[PDB]
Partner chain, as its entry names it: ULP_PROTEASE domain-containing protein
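Heads up, the chain below is alone and in the form deposited without the partner chain; it's given as structure tokens.
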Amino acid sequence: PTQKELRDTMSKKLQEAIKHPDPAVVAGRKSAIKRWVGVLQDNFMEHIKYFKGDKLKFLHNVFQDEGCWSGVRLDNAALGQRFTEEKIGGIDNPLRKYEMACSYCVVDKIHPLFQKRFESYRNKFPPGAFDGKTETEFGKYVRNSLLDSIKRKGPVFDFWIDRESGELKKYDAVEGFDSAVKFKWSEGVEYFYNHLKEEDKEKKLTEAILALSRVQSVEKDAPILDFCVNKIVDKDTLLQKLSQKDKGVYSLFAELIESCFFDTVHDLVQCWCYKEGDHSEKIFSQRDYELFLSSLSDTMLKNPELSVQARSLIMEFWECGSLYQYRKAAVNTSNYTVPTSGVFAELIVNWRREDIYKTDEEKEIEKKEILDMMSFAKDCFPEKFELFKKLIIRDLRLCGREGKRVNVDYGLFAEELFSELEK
């Protein structure tokens, strides 16, 4: 397989650890595991790629531990403790412990774990005195050589150890926070956030959100945006600042959706779009709206374990009263195209998906959602509905997407919905 397939395989394997009565909790924790492994790029995959047997079992047992979770998000303080232990439940820790202590800001263990790394690294040099240097000179030389080597894997692994003295470095909370944002180091952002003075927290969170909410955003930005948005106390002031930034609101929603932070997007739609001057003021554009829906339906197919939650957010955008104008324009056919043809096609693909068991009740809920959306398209533009139908069918036939069974005419499934609609 490709590296992407190996990451998806590793995520799916670690997701076997997740069991919980609440389906939203299961889905959210499974998405958290996928972000921890890495989706489009390696995150912790780099450390665990070749783990099998007891090495994988150690990770399984960590993610099975209810103490490692805060709702649907990983509890980094608890994870850091587990990932720096020598053994848990009779299984040796397979991870590079100094690197885990750095990443999770386990400040009581970074220095002693680095000393063990330093002592073994020193063992590749001759056992005597080296080049007549003093012990301090030689210790500074080996430590610098070791840290210069480790820093290739990321600035976090050369952040905590003083080059001159070898001691654990101390950071002011603002300096650490800014460095962690620069490093796209989500664990460090949270660690230093907890050390900011109360009067500084809102300003620093807002700075981070405005800096990262841009079309240049990448996957490692999303956990930082999610963390910062959920720590903001005054969401109305945040919107005022973000709406002054070019594509700021679009970029925030888009990055959160693509990384499956669905609960956060739900919360922001409620705060910013379902809130009750100009009653019809918009905070994102018609095209932004269509891109939210298309991103959600694409994420739904890529992550079927989240399909219920993705559909919920699609319907939140669809039925939001302040967005009714966008909803209508989203089903308007013009120049032989309709903005939501792919969304409808992907909802149909999801509805007909059979690789995971779903009850007849869940299938009927999915079907009714689709029929209700199609009925709206027909009611808005009855004279264009025949073209609308053709475009959905063509979109189903033109794309071979995830979750779509090969050599199956999905257009026939669309025709079944269309037929029920007329009668």
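Rigid core here is just the name for the largest C-alpha set that superposes within 1.5 Å across the two forms. Residue numbers count along the first chain shown, from 1.
Beyond what is shown, the protein has a form solved in complex with the partner chain; the following relates to that form.
- Taken together, 2, 98 and 288 are fully in contact with the partner chain in the deposited bound form: each brings a heavy atom within 4.5 Å.
- Contact between residue 374 and the partner chain in the deposited bound form is not found at the 4.5 Å heavy atom cutoff.
- Interface membership of residue 255, defined by any non-hydrogen atom within 4.5 Å of the partner chain in the deposited bound form, is confirmed.
- When contacts are judged by a 4.5 Å heavy atom cut-off, residue 150 counts as touching the partner chain in the deposited bound form.
- Not displayed here, the partner chain is kept clear of residue 387 by more than 4.5 Å at the level of heavy atoms in the deposited bound form.
- Scanning 245, 327, 82, 302 against the partner chain in the deposited bound form with a 4.5 Å heavy atom cut-off leaves one residue, 302.
- For the candidate set 240, 136, 337, 115, a heavy atom within 4.5 Å of the partner chain in the deposited bound form is found for exactly one residue, namely 337.
- The candidate stretches are 375-383, 48-56, 63-71, 362-370, and the one lying within 4.5 Å of the partner chain in the deposited bound form by heavy atoms is 48-56.
- Within 4.5 angstroms of the partner chain in the deposited bound form, the stretch 306-325 places no non-hydrogen atom at all.
- Note: rigid core superposed between this form and the one not shown; among 22, 402, 415, 409, the CA shift is 2 Å or more only at 22.
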